[PDB]
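The block underneath contains the structure these notes are about, expressed in C-alpha cells.
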Amino acid sequence: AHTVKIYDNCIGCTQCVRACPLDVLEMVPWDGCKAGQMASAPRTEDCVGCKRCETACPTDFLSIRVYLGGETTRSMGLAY
Amino acid sequence: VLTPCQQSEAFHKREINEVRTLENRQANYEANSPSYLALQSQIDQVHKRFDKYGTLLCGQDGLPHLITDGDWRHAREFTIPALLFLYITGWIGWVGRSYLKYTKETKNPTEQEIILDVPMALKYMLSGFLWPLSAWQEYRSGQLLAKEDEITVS
Amino acid sequence: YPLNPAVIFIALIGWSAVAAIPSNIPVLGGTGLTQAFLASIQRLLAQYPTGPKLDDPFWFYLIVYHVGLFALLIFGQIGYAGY
Amino acid sequence: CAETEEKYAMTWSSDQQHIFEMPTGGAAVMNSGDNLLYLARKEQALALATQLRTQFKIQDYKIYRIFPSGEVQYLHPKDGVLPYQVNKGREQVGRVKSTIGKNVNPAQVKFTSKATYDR
Amino acid sequence: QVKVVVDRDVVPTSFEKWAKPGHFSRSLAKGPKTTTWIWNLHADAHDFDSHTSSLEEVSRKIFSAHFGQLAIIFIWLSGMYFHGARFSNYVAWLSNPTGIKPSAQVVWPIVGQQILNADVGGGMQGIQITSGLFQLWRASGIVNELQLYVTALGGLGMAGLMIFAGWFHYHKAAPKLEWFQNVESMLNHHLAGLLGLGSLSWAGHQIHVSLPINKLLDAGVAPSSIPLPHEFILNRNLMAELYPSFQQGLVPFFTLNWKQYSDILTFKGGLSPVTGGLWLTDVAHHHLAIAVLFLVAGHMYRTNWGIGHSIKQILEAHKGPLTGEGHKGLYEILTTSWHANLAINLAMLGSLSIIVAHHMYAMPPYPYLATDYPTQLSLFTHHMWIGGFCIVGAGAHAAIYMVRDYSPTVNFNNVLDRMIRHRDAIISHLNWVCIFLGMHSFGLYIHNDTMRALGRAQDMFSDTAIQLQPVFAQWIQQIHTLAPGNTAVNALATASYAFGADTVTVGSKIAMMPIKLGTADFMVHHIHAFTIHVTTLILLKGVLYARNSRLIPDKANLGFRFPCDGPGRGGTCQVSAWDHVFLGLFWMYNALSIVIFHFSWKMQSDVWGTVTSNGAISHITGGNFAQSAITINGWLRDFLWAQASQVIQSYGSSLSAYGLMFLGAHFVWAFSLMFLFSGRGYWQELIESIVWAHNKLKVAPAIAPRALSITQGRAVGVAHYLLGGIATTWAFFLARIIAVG
Amino acid sequence: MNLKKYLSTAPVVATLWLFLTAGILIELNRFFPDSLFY
Amino acid sequence: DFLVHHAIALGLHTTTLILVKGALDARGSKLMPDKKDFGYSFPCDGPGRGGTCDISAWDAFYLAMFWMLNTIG
Amino acid sequence: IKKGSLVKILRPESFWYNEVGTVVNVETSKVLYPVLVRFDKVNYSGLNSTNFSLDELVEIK
Ligand code: CLA
Ligand code: CLA
Ligand code: CLA
Ligand code: CLA
Ligand code: CLA
Ligand SMILES: CC1=C(C/C=C(\C)CCC[C@H](C)CCC[C@H](C)CCCC(C)C)C(=O)c2ccccc2C1=O
Ligand code: SF4
Ligand code: SF4
Ligand code: SF4
C-alpha cells in the first residue's frame, strides 16, 4: 500500500484530515503538542496517494510524508 | 590569411555588387522623387559603410572579421567596447544590488519591488557610477559578500 | 415509449399528393415534384446499371423527395405527440 | 464489475427532498426519508460526503463496503464521530520519532528489505 | 417588464487603486511574497466570476469592459484608415490595381530595414499589404485620401465615445442586473437594431455610394473625373444616367412595382468579369434581404407590449420524450451564467469566421480581390485561425460554466445533464470516430506513401490507381452547376465559379476556376473531419468531465485551472477542464494547419496562376495536387520543400522580413517545448540554486523568485507553440504568394 | 495624486526605461549608423 | 568554427547543468529534501508547495536527453 | 529563548536553514516543538509561520 507516515512535527491543525478525501487520516489525542492532537493513518489500504494531504500540511516541512508503495485495485483508484 | 580589408578583392567586389544592386532600384524613379533621394542617402550610407571598415581584416570571404586577443591594434575592434560594456553592466549590476540592499531594510520589501521608489531608485541609478572603486571599497570592508546563507541538506 | 406505431402510408399520401399537381414548370421537372420522379425511376428500375452523376431527376429527385418524406413521417410521429 | 469488484453502497438519510449531484454525474432524485446509493470507488463516496456535508446536515451516513463475498464494512465514522474531530478511542499508527532530518540514508538500507525511515 | 434602473456614482475615479495592484482580489491583495503573485495578478485580471459572486457587480464590470474592447477596435480601424491616408499608395492603386501591389506601411529608415520598403509601384514604396484593405475601400467607394483621413478621425471620435462610454458605464452611470436579464429585449435590439439597421444602412451606402462609384471604376474612370458620393444625392440625374431606375424615385417602391428596381438591385451571382468581384447590385440587394429579413427576425420577443415570445415558454414547450424534462432551465442558465453565453457565442462566432473564410475564397466579394492572390490567401487564413481559436474558447467557457456556475437544482432532468448521465457513451463514440477517421484519413496516406515508395504505384489511391473519387461533393457541386437555370430561376450565373462555368480572368490573372475534386481532395476532407472530431473529443471531454469525472469525483471542489490531483491513481497530471483546452489548442494548430495546407496548395495547383494567349491555362504549381497530395513525400516535398523556396531565398530583398519571421517563429515554436516537457519541480531548485548566487552577493530579490506554476508553465507552452507555429505558416505563406502573385 | 504611484510601478517604469534606452539605441543608431569600430 | 564552437560549449555546459543539477540535487533540494527516500525515478511530489512536476533525479536524464540530442545534433 | 529573539536554525530540512527569524510563542508544557518562529521570507507552502525545538534555537547578539 501507499505507506503514509505522520511524523512528530504534526501540530494537529487538521487540514490534513479535512484535506484527505479518503478518510485514511484521523486525529489521535497525543499529549505532545499544544492542541494535544497528532494525526494517524490507520486505513492506508484505501490510500490513493494523491498527496492532497501534503498540500494542506502547514508544518515546517511535511509532518505527513506520503511514500508511494503498493498498487492494489483500491490504491490505483480504477472505477471498473 | 586576414588581409587588411581596404585592399581585399572580394571586399570591393561586394562594394560594386551592393552599390550596383541597390542602385538598380534607384533608376526606377525620377530625379526628384522622395524615394530617389532616399536611395541617394542609402548609396551614401553604403560608401560610408565600406570606407569606415577600412582598417578591419576581411579574409578570402570579403567579409570583415574580428580579432579578440587584445593585440592593441585590434583594441577598437573588441577590447575598448569590452571595457566599455563591463563598465555599463557593472553600473547596472551595482545599481540593482545597491537598490536591493536598500529595500531589504525598509518597511515592506514586497511593495518596494512592485512600486519602485523613484526618489531612492533614481538616487541609486545615478550614484552607482564608480562601481570599481566603490564596490571594491565595499568589498574591502567584507560587505559585498556574505556567509552562512541558505543551502539544502549538505 | 413509442406507444403509437400506427401509420406510415399517411405520409406517402401526405407528401406525394401535395407535390404532384403543383408543376411549377421551368425547373428540372416540367411536371410536379413527384411526377418528375415516378417517371424517372421506371426507366431505371428494371436492373439498369446506369444513372451516373449527370442523371439529374434520379439523384436530385431522390434526395429532395426523401428529405420531405423523412420530414413528413417524422412529423407524423409528432402526430402522436398530442396524445 | 459487481461480481468481482468491491461495490460501495452508501446509506444515509435526510429530512427534505433536496437534489444533489452524482459522482457519475448529473442530478439525482434524493429520496427524502432514507436512501442507499451504490457506487464504484471510495473517492466518489467521500467526495459525495463532502458534497452533502459541506452544504448541509446529512449525518448518520456511511457507505457499507459491499465486498464481493457478500457482507459489508463501516469506516466513516467508526466510533461515530467525524474524523478530524478527536475521539479517545483511536490508536495512532504511522509515526516516527522525529522529522525527515533523522531518517536513515538509503545506502544504509540498500540490500535490506527495510524503509528509509524505520530506525 | 422592461425598465432600466441605473446606479449613479458607483465607483470613485481616483488613481488610488492603481497604486494597489491586486486590489480586486481579496485572495491576492496580500501582496507578493513570491513571484507567482505577479502572474496570478494577470491570471485574475479578468476572472470576473472570481472577484465577487454578486452578478450585478460582475455584470457592470464586463459590460463596461466591452466598451474598452470597442475602443481598441476603433483605434485599430482609425489606424487602418490613417495608414491608408498618409502612408498608403491607395490613390495610385485605384488607377491600375492589377499592376500595383497594395502597400500601406512605410518602414522607417534605420540600419538595413529600409530595404523592406518594397517598390510595389505607385511611385512610393513600403511593405506590401496582404490584409486586403484597398479592396474593401474600392468596394466601399473611398476615392481619395480625404475620406481616409476623415474616416480615421471619426474612428478616433468613436474611440473617444467608447472610452467615455465605458468609463460612463462603470463609474457614473452603471446599470442593475435587472437590465441585463432582460434578454428578449437584448435579442430584440441586436437582431433588429444592430444587424437589421446595419445591413439596411449598409445597403444605403452601397446604393448611394458604391453602385455609382463601382460602376464608374468598372467603366475605368480615373480617380479625378469621379464625382464625390456627395454629388450623387443633390440630384438624381448623375445616377439616372448610371442606373435609370433612380428617375422614378421611391414611387415604384411604395406601389410595390419592384420589377422597376432591376437596375439597382438584381439576383445575378457569379462574379464581375471586369473587376473580379461580386456584383454590387447583388450585394446591395443582398443587404436589403438581410435588412427586411432581420427586421422581421427582431420582432419575436415579447418585452412590454404583450406581443412576441419569451424564451422560457419556448424552451418549456419542447418537452420531448427521450429527454424527459425538455429544455427546462436553459433560460435560467443563460441569463445567470455569463461563461455559458461566452461558450455559445464563441462557438457561433468562430464557426461564422470559418464560414467567412470559405465564402471569401470562392465568391470573392471585393473588386480586384481575387486578382492579388496574397489578399485572397490571408483573408482565408486569418479568419480561419481566429475561427479556430474561438471554438476552443467555446470548449473552455463551456467548462468554466460546468465547473463554477453549475447548479443541479435548476438543472435536474433536462436536456443538459441527461447527456452527462451517458457522457461515457458520448466520449466513447467520439473515441471510436477519431480512431476510425484516423485510420481512414491518414492510413491512406501511409498507404500511398508505401505503395509509391515500394514502386507499386498501381496500388495507390490516385486517379490511375484505386480511386476514391468523392461522390457526394461532386454530385452536389454538379447541382450547383445546374442552379441558375433550373432552381435559381431568376439567377443568371451560379453561386460561384468554384462550382459551375469556365473560369473568370481579370488582367491575365485567374480570379476563380471551377475546382475539381478527385481522390486526393477526398482524403484531405477526411483529414479535416478527423482533426475536427479530435478537437470535439477533447473539448467535449473537457466539458462532460469538467465538474465530476469518474477518475476525480471532485473537480468543482478543486476548480478550473487546477493543475492535477497528484501521483495518486498512478499519476493524475493534466486532468482539469482547463487542461483539455490546453490540448485542444495543439489540436487547433494541427487541424487548421492542415486546413490551410489544403487551401494554399490545392488553390496553387487547381485555381490560381495566369492565363496566356488563346485562353490557355497555367497554374502556379501546374496541376500538381492529385498526383502529389495522395502521399506525404509529395506533400512535404512538393509542398513544404518547394513552396518554401521563395521564403528561403528571400534575403537581400523586401521579403527578407518574412525570412526573419520564419526562423524566429521556428525559434518560438521550438522554445515552447522547454515549457511543455519540463516542469517546475526542476526549475524551482534550479532557480533556488541561482538564489544561492544572489544571497552570496546580497542581491536577494525581495519578491521571492519562484518558478512558474504548473498551469502557467503549460499555458505558456501553448502560447509559444501557437505563436511560433502560426507565425511560421504566416511568414511562409505571405513570402510564398507575395513572391509570385 | 496617486497617479505618480502608478507611474512608479514595475511595468510602467519598465516601459519608461526600456523605451528610453531603446531610444538611446535607435537615436544613437540614426546619428552614427554602421558602428563596428570602438 | 568560432560561432558553432561556442554553440557546442553551450550544449555541453547546459547538458552538464542539467546533469550536475539532477546529480547533486539528486540527493536533496530545498523544494523537497526527501529525495533520497523516494529512490531515483519517482514521479513527483504532487501539487504541494507550488507544484512539483519532475523534481526527481530522473529529470537530469530526461531533460539532458533532449539537450544531448540537441548538442550532438 | 524568549519571545522576540532573533534565532538562527540548525536543522537541514528547515527551509530557513541558517537564516535568522523572530520568535512568536514558546510553550513550557513539554511540547517537542514549542518555539514558534516566523520569518521575513516565505517557503513554498506560502507560509512563514513554523515552529522548532530547543536544539535548533541559536540566537544572535
Ligand atoms: C538586481 C540586478 C541583478 C544583479 C546584480 C544580478 C547579478 C547576477 N545574476 Mg541575475 N537576474 C536578475 C537581476 C540581477 N542579477 C533578474 C531580474 C533576473 C531574472 C531575469 C536574473 C536572473 C539570473 C539568472 C537566471 C542567473 C543570474 C546570475 C547572476 C550572477 C552572474 C551574472 C549574470 O550573468 O547575470 C545574469 C543576468 C541576466 C540573466 C539578465 C539581467 C537581468 C536584468 C535584465 C538586469 C537586472 C537589472 C535590474 C532589473 C535593475 C533593477 C534595479 C533598479 C531599477 C534600481 C550575478 C550575481 C547567474 C548566476 O547564478 O551566476 C552565478 C544565473 O544563472 N541572474
Ligand atoms: C437597437 C439598439 C442597440 C444597438 C444598436 C446595440 C448595439 C450594440 N450592443 Mg447593445 N443593447 C441594447 C440595444 C442596442 N445595442 C439593449 C436594449 C440592451 C439591453 C437589453 C443591450 C445590451 C447590451 C450588452 C449587455 C452588450 C451590448 C453590446 C453591444 C455592441 C456589440 C458590438 C458590436 O456589434 O459593435 C458594433 C458597433 C456599433 C455598430 C456601434 C454602435 C453605436 C451606435 C451609435 C448605436 C449605439 C446607440 C446607443 C445604444 C444608445 C444609448 C442611449 C443613450 C445615449 C441615451 C453593439 C454596439 C455588447 C458590447 O460590446 O457592449 C457595448 C454587450 O456586451 N448590448
Ligand atoms: C434576393 C436577395 C439576395 C441576393 C441578391 C443575394 C446575393 C448574394 N448572396 Mg445572399 N442571402 C439572402 C438573399 C440574397 N443574397 C438571404 C435572404 C439570405 C439568408 C438566408 C442570404 C444568405 C447568404 C449567405 C450566407 C451568403 C450569401 C452570399 C451572397 C452572394 C453570393 C453570390 C451568389 O450567387 O449568391 C446568390 C445568393 C443565394 C443563392 C442565396 C439565396 C438566399 C435565399 C433568398 C433565401 C430565402 C430565405 C427563405 C427563408 C428560404 C430559406 C430556405 C430555402 C433555401 C429553401 C450574393 C451577393 C454569400 C456571400 O457572402 O458572398 C461572398 C454567402 O456566403 N447570402
Ligand atoms: C504524429 C504524432 C501523433 C500521432 C500519430 C497521434 C495519434 C493519435 N492521437 Mg495524438 N497527439 C499528438 C501527436 C500524435 N497523435 C500530440 C503531439 C499531442 C499533443 C497535444 C496529442 C494529443 C492527443 C490527444 C489529446 C488525443 C490524441 C488522440 C490520438 C489518436 C486519435 C485516434 C486516431 O487517429 O487513431 C488512428 C491512428 C493513427 C492515425 C495512427 C497511425 C495508425 C496507422 C494508420 C495504422 C497502424 C500502423 C501499423 C499497421 C501498426 C501495426 C504494426 C506494428 C504493431 C509493428 C491517435 C492515435 C486521441 C485519443 O486518445 O484517441 C482518440 C486524444 O484524445 N492525441
Ligand atoms: C488504415 C488505412 C488503410 C487502408 C484502408 C488500407 C487498405 C489497403 N492496403 Mg494498406 N497500409 C496501411 C493502411 C491502410 N491500408 C498502412 C498504415 C500501412 C503501413 C503500415 C499499409 C501497408 C500496406 C501494404 C504493405 C500493402 C497494403 C495493401 C492494402 C490493400 C489490401 C489490404 C487488404 O487485403 O485489406 C484487408 C482488409 C480486411 C481484412 C478487411 C477488414 C476491414 C473490414 C472492411 C471492416 C468491415 C466492418 C463492417 C463495416 C462492420 C459493419 C457491418 C456489420 C455490423 C454487419 C488495401 C487497399 C496491399 C496492397 O497491395 O494494396 C493493394 C499491400 O501490399 N497496405
Ligand atoms: C524555463 C522554465 C521556467 C522558468 C521561467 C522564469 C521563471 C521566467 C523567466 C522570464 C521572467 C519574465 C523573467 C523576469 C524578469 C523581469 C521581466 C525583470 C527584467 C527586467 C526587464 C526585462 C523588465 C519555469 O518557471 C517553468 C515552469 C513550469 C514548466 C516549465 C518551466 C520552464 O521551462
Ligand atoms: S500535520 Fe500539518 S496538517 Fe496534518 S495536522 Fe499537524 S498541522 Fe494539520
Ligand atoms: S495520500 Fe492521498 S489520500 Fe492518503 S492522505 Fe495523503 S492525500 Fe489523502
Ligand atoms: S506535479 Fe506533475 S505530477 Fe505532481 S501532480 Fe502536478 S502534475 Fe501530477
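Ligands are numbered from 1 in the order shown, chains are lettered A, B, ... in the order of the C-alpha cells, and residues start at 1 in each chain.
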
Determine, using only C-alpha atoms and all ligand atoms, which residues of chain B have any atom at most 12 Å from an atom of ligand 6, and tabulate each with its shortest atom pair and distance in Å to one decimal place, rows ordered by chain and then rising number, as a Markdown table.
```
| residue | atom | partner | partner_atom_place_in_ligand_line | distance |
| --- | --- | --- | --- | --- |
| B:92 | CA | ligand 6 | 20 (C) | 11.2 |
| B:96 | CA | ligand 6 | 20 (C) | 10.7 |
| B:113 | CA | ligand 6 | 18 (C) | 10.6 |
| B:114 | CA | ligand 6 | 18 (C) | 10.8 |
```

### Message
Please find the residues of chain A near chain H - the criterion being any atom within 10 Å, counting only C-alpha atoms - and write them as a PyMOL selection string.
### Response
chain A and resi 8-11+31-36+54-62

Can I get the selected residues back with C-alpha atoms, as a compact mmCIF listing (two decimals), in the first residue's frame?
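Listing of again_8.txt after writing:
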```
# COMPACT_ATOMS: atom_id res chain seq x y z
CA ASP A 8 6.32 14.33 15.18
CA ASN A 9 6.00 17.73 13.54
CA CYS A 10 2.23 17.15 13.35
CA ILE A 11 0.85 20.01 15.41
CA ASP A 31 -0.15 14.77 24.61
CA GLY A 32 2.91 16.18 22.90
CA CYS A 33 1.57 19.28 21.16
CA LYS A 34 -0.41 22.37 22.09
CA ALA A 35 -3.66 21.09 20.59
CA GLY A 36 -2.98 17.67 22.13
CA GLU A 54 0.72 17.18 1.77
CA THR A 55 -0.52 20.32 0.04
CA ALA A 56 -2.52 21.26 3.13
CA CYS A 57 0.15 20.41 5.71
CA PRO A 58 1.25 23.72 7.26
CA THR A 59 4.12 22.37 9.32
CA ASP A 60 7.78 23.27 8.82
CA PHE A 61 8.37 20.64 6.17
CA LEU A 62 5.70 17.96 5.83
```

### Polymer residues at most 6 Å from stretch 9-13 of chain F, only C-alpha atoms, same-chain spacing of 2 or more positions, as a PyMOL selection string
(chain B and resi 114-116) or (chain F and resi 6-7+15-17)

Would you put the residues from that selection into a file with C-alpha atoms, as a CSV table (one decimal), in the first residue's frame?
```csv
chain,number,residue,atom,x,y,z
B,114,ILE,CA,6.2,46.5,-7.5
B,115,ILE,CA,6.2,50.2,-6.9
B,116,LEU,CA,9.8,51.4,-7.3
F,6,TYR,CA,1.1,54.2,-10.7
F,7,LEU,CA,3.9,55.8,-12.7
F,15,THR,CA,8.4,50.8,-20.3
F,16,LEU,CA,9.6,54.2,-19.4
F,17,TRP,CA,13.2,52.9,-19.0
```

### Message
Need to verify the contact set: residue E:27, 10 Å, only C-alpha atoms, exclusion of same-chain residues closer than 5 positions in sequence. Can you return it as JSON, numbers by chain?
### Response
{"E": [22, 44, 50, 51]}

Proximity of chain E to ligand 2: per-residue shortest pair, 6 Å limit, only C-alpha atoms and all ligand atoms, as JSON lines:
```
{"residue": "E:63", "atom": "CA", "partner": "ligand 2", "partner_atom_place_in_ligand_line": "64 (O)", "distance": 5.0}
{"residue": "E:66", "atom": "CA", "partner": "ligand 2", "partner_atom_place_in_ligand_line": "60 (O)", "distance": 4.4}
{"residue": "E:67", "atom": "CA", "partner": "ligand 2", "partner_atom_place_in_ligand_line": "62 (C)", "distance": 5.0}
{"residue": "E:180", "atom": "CA", "partner": "ligand 2", "partner_atom_place_in_ligand_line": "20 (C)", "distance": 5.8}
{"residue": "E:182", "atom": "CA", "partner": "ligand 2", "partner_atom_place_in_ligand_line": "20 (C)", "distance": 5.3}
{"residue": "E:183", "atom": "CA", "partner": "ligand 2", "partner_atom_place_in_ligand_line": "20 (C)", "distance": 5.5}
{"residue": "E:185", "atom": "CA", "partner": "ligand 2", "partner_atom_place_in_ligand_line": "20 (C)", "distance": 4.8}
{"residue": "E:186", "atom": "CA", "partner": "ligand 2", "partner_atom_place_in_ligand_line": "20 (C)", "distance": 3.7}
{"residue": "E:189", "atom": "CA", "partner": "ligand 2", "partner_atom_place_in_ligand_line": "1 (C)", "distance": 4.3}
{"residue": "E:190", "atom": "CA", "partner": "ligand 2", "partner_atom_place_in_ligand_line": "15 (N)", "distance": 5.9}
{"residue": "E:193", "atom": "CA", "partner": "ligand 2", "partner_atom_place_in_ligand_line": "1 (C)", "distance": 3.6}
{"residue": "E:194", "atom": "CA", "partner": "ligand 2", "partner_atom_place_in_ligand_line": "5 (C)", "distance": 4.2}
```

### Query
Counting only C-alpha atoms and all ligand atoms, which protein, DNA or RNA residues come within 8 Å of ligand 8, given as an MDAnalysis selection string?
(chainID A and resid 2 4 16:17 19:25 41 44 46:54 64:66) or (chainID E and resid 566 568)

Written file, previous selection with N, CA, C and O atoms, as a compact mmCIF listing (two decimals), in the first residue's frame:
```txt
# COMPACT_ATOMS: atom_id res chain seq x y z
N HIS A 2 0.28 2.37 -0.38
CA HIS A 2 0.96 3.65 -0.30
C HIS A 2 1.13 4.00 1.16
O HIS A 2 0.17 4.41 1.83
N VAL A 4 1.58 5.83 4.29
CA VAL A 4 1.52 7.17 4.85
C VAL A 4 2.18 7.14 6.22
O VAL A 4 1.84 6.30 7.06
N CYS A 16 -5.14 18.27 7.30
CA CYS A 16 -4.80 17.04 6.61
C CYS A 16 -6.02 16.14 6.47
O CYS A 16 -6.34 15.67 5.37
N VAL A 17 -6.70 15.87 7.59
CA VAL A 17 -7.88 15.01 7.56
C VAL A 17 -9.00 15.67 6.78
O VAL A 17 -9.68 15.02 5.98
N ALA A 19 -8.40 17.64 4.42
CA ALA A 19 -7.90 17.69 3.06
C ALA A 19 -7.87 16.33 2.39
O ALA A 19 -7.82 16.27 1.16
N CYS A 20 -7.86 15.25 3.15
CA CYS A 20 -7.90 13.92 2.58
C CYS A 20 -9.31 13.55 2.18
O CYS A 20 -10.18 13.43 3.06
N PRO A 21 -9.61 13.34 0.90
CA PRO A 21 -10.94 12.86 0.54
C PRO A 21 -11.03 11.35 0.54
O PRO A 21 -11.69 10.78 -0.33
N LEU A 22 -10.38 10.69 1.50
CA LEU A 22 -10.46 9.24 1.59
C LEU A 22 -10.56 8.71 3.00
O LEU A 22 -10.77 7.50 3.14
N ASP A 23 -10.40 9.55 4.03
CA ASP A 23 -10.51 9.17 5.44
C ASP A 23 -9.50 8.08 5.82
O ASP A 23 -9.75 7.26 6.70
N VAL A 24 -8.37 8.04 5.12
CA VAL A 24 -7.24 7.28 5.64
C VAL A 24 -6.69 7.95 6.88
O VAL A 24 -6.25 7.28 7.83
N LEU A 25 -6.80 9.27 6.96
CA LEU A 25 -6.27 10.03 8.08
C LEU A 25 -7.36 10.31 9.11
O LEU A 25 -8.47 10.70 8.75
N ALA A 41 -2.72 7.51 10.37
CA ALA A 41 -3.17 6.91 9.11
C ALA A 41 -3.35 5.41 9.30
O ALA A 41 -2.49 4.62 8.90
N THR A 44 -4.60 2.80 5.43
CA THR A 44 -3.85 3.05 4.21
C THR A 44 -4.12 2.03 3.12
O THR A 44 -3.49 2.12 2.06
N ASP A 46 -6.92 1.99 1.61
CA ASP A 46 -7.70 2.81 0.69
C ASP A 46 -6.94 4.03 0.21
O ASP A 46 -7.49 4.82 -0.55
N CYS A 47 -5.69 4.19 0.65
CA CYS A 47 -4.88 5.35 0.33
C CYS A 47 -4.53 5.39 -1.15
O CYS A 47 -3.78 4.55 -1.64
N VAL A 48 -5.08 6.39 -1.84
CA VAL A 48 -4.76 6.62 -3.24
C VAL A 48 -3.30 7.06 -3.40
O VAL A 48 -2.59 6.56 -4.27
N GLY A 49 -2.84 7.95 -2.54
CA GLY A 49 -1.54 8.54 -2.75
C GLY A 49 -1.56 9.81 -3.55
O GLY A 49 -0.53 10.19 -4.10
N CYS A 50 -2.70 10.49 -3.61
CA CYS A 50 -2.84 11.70 -4.41
C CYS A 50 -2.15 12.90 -3.81
O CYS A 50 -2.16 13.96 -4.44
N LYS A 51 -1.60 12.78 -2.60
CA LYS A 51 -0.84 13.83 -1.91
C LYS A 51 -1.63 15.11 -1.74
O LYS A 51 -1.06 16.20 -1.67
N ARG A 52 -2.96 15.01 -1.65
CA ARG A 52 -3.77 16.17 -1.34
C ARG A 52 -3.62 16.55 0.13
O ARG A 52 -3.88 17.69 0.50
N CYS A 53 -3.18 15.61 0.96
CA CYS A 53 -2.82 15.92 2.33
C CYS A 53 -1.59 16.81 2.40
O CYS A 53 -1.58 17.81 3.13
N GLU A 54 -0.55 16.48 1.65
CA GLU A 54 0.72 17.18 1.77
C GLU A 54 0.66 18.60 1.25
O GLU A 54 1.53 19.41 1.60
N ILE A 64 3.47 14.99 7.56
CA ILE A 64 2.85 13.83 6.94
C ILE A 64 3.48 13.64 5.57
O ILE A 64 3.17 14.39 4.64
N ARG A 65 4.33 12.64 5.42
CA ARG A 65 5.01 12.41 4.16
C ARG A 65 4.53 11.10 3.56
O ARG A 65 4.67 10.04 4.17
N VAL A 66 3.96 11.18 2.37
CA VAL A 66 3.33 10.04 1.71
C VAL A 66 4.37 9.37 0.84
O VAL A 66 4.92 9.98 -0.08
N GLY E 566 -2.53 14.60 -8.19
CA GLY E 566 -1.31 14.12 -7.60
C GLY E 566 -0.81 12.90 -8.31
O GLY E 566 -1.35 12.48 -9.34
N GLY E 568 -1.22 10.04 -7.14
CA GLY E 568 -2.20 9.02 -6.90
C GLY E 568 -3.07 8.77 -8.10
O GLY E 568 -3.11 9.56 -9.05
```

### Query
Hey, what's within 12 Å of residue G:69 if we count only C-alpha atoms and toss same-chain stuff fewer than 5 positions away? As a VMD selection string, please?
chain G and resid 8 11 to 12 15 61 to 64

Residues just named, written with N, CA and C atoms as a short mmCIF file (atom, residue, chain, number, x, y, z; two decimals), in the first residue's frame:
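This is the output file part-v8.cif:
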```
data_model
loop_
_atom_site.label_atom_id
_atom_site.label_comp_id
_atom_site.auth_asym_id
_atom_site.auth_seq_id
_atom_site.Cartn_x
_atom_site.Cartn_y
_atom_site.Cartn_z
N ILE G 8 28.57 24.72 -29.29
CA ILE G 8 28.82 23.39 -28.77
C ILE G 8 29.15 23.46 -27.29
N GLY G 11 26.09 23.75 -25.60
CA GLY G 11 25.40 22.48 -25.45
C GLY G 11 25.97 21.63 -24.33
N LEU G 12 27.29 21.67 -24.17
CA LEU G 12 27.92 20.88 -23.11
C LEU G 12 27.61 21.46 -21.75
N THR G 15 24.04 20.83 -20.83
CA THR G 15 23.73 19.43 -20.54
C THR G 15 24.33 19.00 -19.21
N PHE G 61 18.52 12.97 -16.52
CA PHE G 61 18.46 12.15 -17.71
C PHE G 61 17.39 12.63 -18.67
N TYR G 62 16.21 12.96 -18.15
CA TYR G 62 15.06 13.22 -19.00
C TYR G 62 15.24 14.47 -19.84
N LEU G 63 15.70 15.54 -19.23
CA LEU G 63 15.92 16.79 -19.94
C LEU G 63 17.26 16.79 -20.65
N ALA G 64 18.27 16.17 -20.05
CA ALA G 64 19.57 16.11 -20.68
C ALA G 64 19.64 15.12 -21.82
#
```

### Query
Counting only C-alpha atoms, what is within 12 Å of residue D:5, bar same-chain residues fewer than 5 positions away, as a PyMOL selection string?
(chain A and resi 72-74+77-80) or (chain D and resi 39-41+65-70)

### Message
Could you list, as a PyMOL selection string, all protein and nucleic acid residues with an atom at most 10 Å from ligand 3, counting only C-alpha atoms and all ligand atoms?
### Response
chain E and resi 265-271+277-294+352+355-366+480+483-484+487-488+490-497

### Query
Would you name the residues within 8 Å of ligand 9, counting only C-alpha atoms and all ligand atoms, and put them as a VMD selection string?
(chain A and resid 50) or (chain E and resid 563 to 567 571 to 574 679 to 681 710) or (chain G and resid 43 to 48 51 to 54)
